[PDB]
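Residue numbers (the authors' numbering), protein chains in the order written: chain B, 143 to 175, 455 to 484; chain A, 143 to 176, 455 to 484; chain C, 143 to 175, 457 to 484.
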Amino acid sequence: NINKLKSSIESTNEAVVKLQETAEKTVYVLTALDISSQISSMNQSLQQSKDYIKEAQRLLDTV
Amino acid sequence: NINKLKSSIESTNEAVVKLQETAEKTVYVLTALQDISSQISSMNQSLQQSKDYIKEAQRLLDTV
Amino acid sequence: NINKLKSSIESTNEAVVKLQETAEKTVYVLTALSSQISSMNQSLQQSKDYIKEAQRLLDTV
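So, in structure tokens, the structure goes:
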């Protein structure tokens with residue numbers, strides 16, 4: 143149960159890293175206002470984040 | 143203590159999902175800036469839920 | 143290990159509070175449209472550190 147929880151939380155942290163990365167890009171775009458390249462970056466980082474949290478929930482349900 | 147931790151993480155995850163919904167709206171508004457008020461309103465919606473969720477996780481975590 | 147997990151999840155949660163704060167300031171800069460942007464950077468870097476620490480503490484579980 144502990145190893146599981148540990149596994150689930152690890153994926154949760156990955157998801158947070160990705161949103162942070164996404165927030166990072168947002169900061170850059172706000173200043174500006455190559456936004457096109459940043460908007461794409463933001464979207465993919467947000468993609469991985471969403472996959473990451475879905476895996477976290479899925480595993481958590483395993484506990 | 144496990145069920146508590148698990149229940150704590152669940153709300154954490156929900157809070158994470160809500161930031162993600164807020165971020166996707168961000169990407170949309172930033173794109174647009176090139455209804456925006458309705459989108460911002462929407463960002464506040466999911467951002468409030470996110471805060472409610474993590475406040476839930478935090479409270480639950482103290483229960484362990 | 144129940145202690146480390148909890149301690150590690152606490153940093154995760156703090157990391158999330160910081161992202162929400164970063165998000166709030168985001169809504170603020172969006173409605174505005457400098458210092459607010461610097462503020463954003465601040466709560467975001469804090470988030471980065473808190474998440475960094477959660478991982479580290481996690482690794483010892």
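Ideal Cβ placement from N, Cα and C applies to all residues, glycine included.
Same chain only: Cβ atoms within 7 Å of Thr154 (chain A), ignoring 5 sequence neighbours per side: The beta carbon of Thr154 (chain A) sits closer than 7 Å to those of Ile474 and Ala477, all from its chain and outside the five residues before and after it, given in chain order.
Simplified DSSP assignment, three categories, for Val159 (chain C): Residue state, collapsed to three classes: helix.
Residues near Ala174 (chain A) in its chain [Cβ-Cβ closer than 6 Å; skip 5 each side]: The beta carbon of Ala174 (chain A) sits closer than 6 Å to none of the beta carbons in its chain outside the five residues before and after it.
Beta carbon of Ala165 (chain B) nearer than 8 Å to that of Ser470 (chain B): Inclusion of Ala165 (chain B) and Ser470 (chain B) in the CB contact set at 8 Å is not warranted, their separation being larger than that value.
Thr483 (chain A) to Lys146 (chain A) span [Cα, whole Å]: Between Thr483 (chain A) and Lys146 (chain A), the C-alpha separation is close to 7 Å.
Sub-8 Å separation of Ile460 (chain C) and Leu161 (chain B) beta-carbons: Contact flag unset, no.
Test: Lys148 (chain C) CB closer than 8 Å to a CB of chain B: Under the Cβ distance rule, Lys148 (chain C) does not count among the residues neighbouring chain B, no pair being separated by less than 8 Å.
Under 7 Å by beta carbon: chain C residues contacting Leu175 (chain B): Result: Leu175.
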